[PDB]
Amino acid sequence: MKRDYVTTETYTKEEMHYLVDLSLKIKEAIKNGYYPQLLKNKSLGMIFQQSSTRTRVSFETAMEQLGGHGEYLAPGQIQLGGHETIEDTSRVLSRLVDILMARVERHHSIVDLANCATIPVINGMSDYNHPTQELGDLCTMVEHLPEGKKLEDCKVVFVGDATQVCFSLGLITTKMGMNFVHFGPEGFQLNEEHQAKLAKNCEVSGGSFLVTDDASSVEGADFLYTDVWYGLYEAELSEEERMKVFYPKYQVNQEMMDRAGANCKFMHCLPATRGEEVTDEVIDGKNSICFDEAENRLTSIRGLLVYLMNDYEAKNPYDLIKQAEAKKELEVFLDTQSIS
């Protein structure tokens, strides 16, 4: 058996809390120069159907820091495509690596990869959701609490397009019992199906959620979060199209931050298109925490990797007697046996 990390919809608040603390304790070790060798000789397959800097480099660096290795399996480098299905790729990689991740164009790809694999599979972003971004963002908000506020007393407002990150921020904030708002224009708001999933989180958590085009909704935000306006990477809105939909109302400028409140922190998943969703003043300013946020992509990925591999090993333990037998037989062979 195994466990996947495809959506936080399969994780409780208490589980996400553990993942936060695990990630933070690994971070503090590494920040101070102790690299815990928790994944010695382990291999991670990384399937990327789209561009990535933070997610990809976090996975690859994480593996090295923990004593393992990440393999960048790009499109067209591997047989997946015309020559081979997702199902076969999954079943085969299950024999050849210890853990798998993928950034996919369509969510069904990551779901099928997970369902067909006997090893843990992690969603590195889909058109639906972005669960590693959730955990990284949670870690970041935990590290940047307003003085005299608990996490669940905080208000998080996402500004602009209903992207997979928008929705993921909603999923995680409501899961943790926080107050969430999507401030977005008509036609680009979280839809009713998405809102129903947020409602369902709030029934359990005590959190709240609002989807609105009212500019006053940013007032009181502890975290103000934004993303690009060009939509899905395979069918991007042009500069003219997206400016017409979103600008100037949804640009996160200094005026909007101050309307949120003097203490409100700015978050962006990155990459940012400067001068559209956010201005240079905000993103490089005194209240921007998006670079710490970027760091925490690695923070959270180290935690996910360690938890999933530990869970896997506890469910599939090595037989220690057979291990000793196998070590010894190999040693005898190497010492006494020759091709000639």
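The first residue of the sequence shown is number 1, and the count goes up from there.
> Could you settle it for me: does 163-171 or 198-206 have the higher average Cα B factor in the PDB entry?
So the stretch with the higher mean C-alpha B-factor is 198-206.
> Comparing 225-233 with 141-149, where is the mean C-alpha B-factor higher?
Comparing 225-233 with 141-149, the higher mean C-alpha B-factor belongs to 141-149.
> Whose CA atom has the top B-factor in the entry, of 71, 84, 186, 127?
In the PDB entry, the greatest C-alpha B-factor among 71, 84, 186, 127 is found at 186.
> When the CA B-factors of 56, 315, 297, 274 are compared as recorded in the entry, which is the largest?
Highest CA B-factor of the listed options: 315.
> Could you place residue 98 in the lowest, middle or highest third of its chain by Cα temperature factor, using the values in the record?
For residue 98, the deposited C-alpha B-factor lands in the lowest third.
> Rank-wise, by C-alpha B-factor, drop residue 88 into the lowest, middle or highest third of its chain.
Middle third - that is where residue 88 ends up once the chain's C-alpha B-factors are sorted.
> Per the entry's values, where does residue 190 land by CA temperature factor relative to the rest of its chain, in the lowest, middle or highest third?
Highest third.
> Against its chain's modelled residues, does residue 243's Cα B factor rank lowest, middle or highest third?
Highest third, going by the recorded CA B-factors of the chain.
> Relative to the other modelled residues in the chain, which third contains the C-alpha temperature factor of residue 60: lowest, middle or highest?
Tercile = lowest for this residue's CA B-factor.
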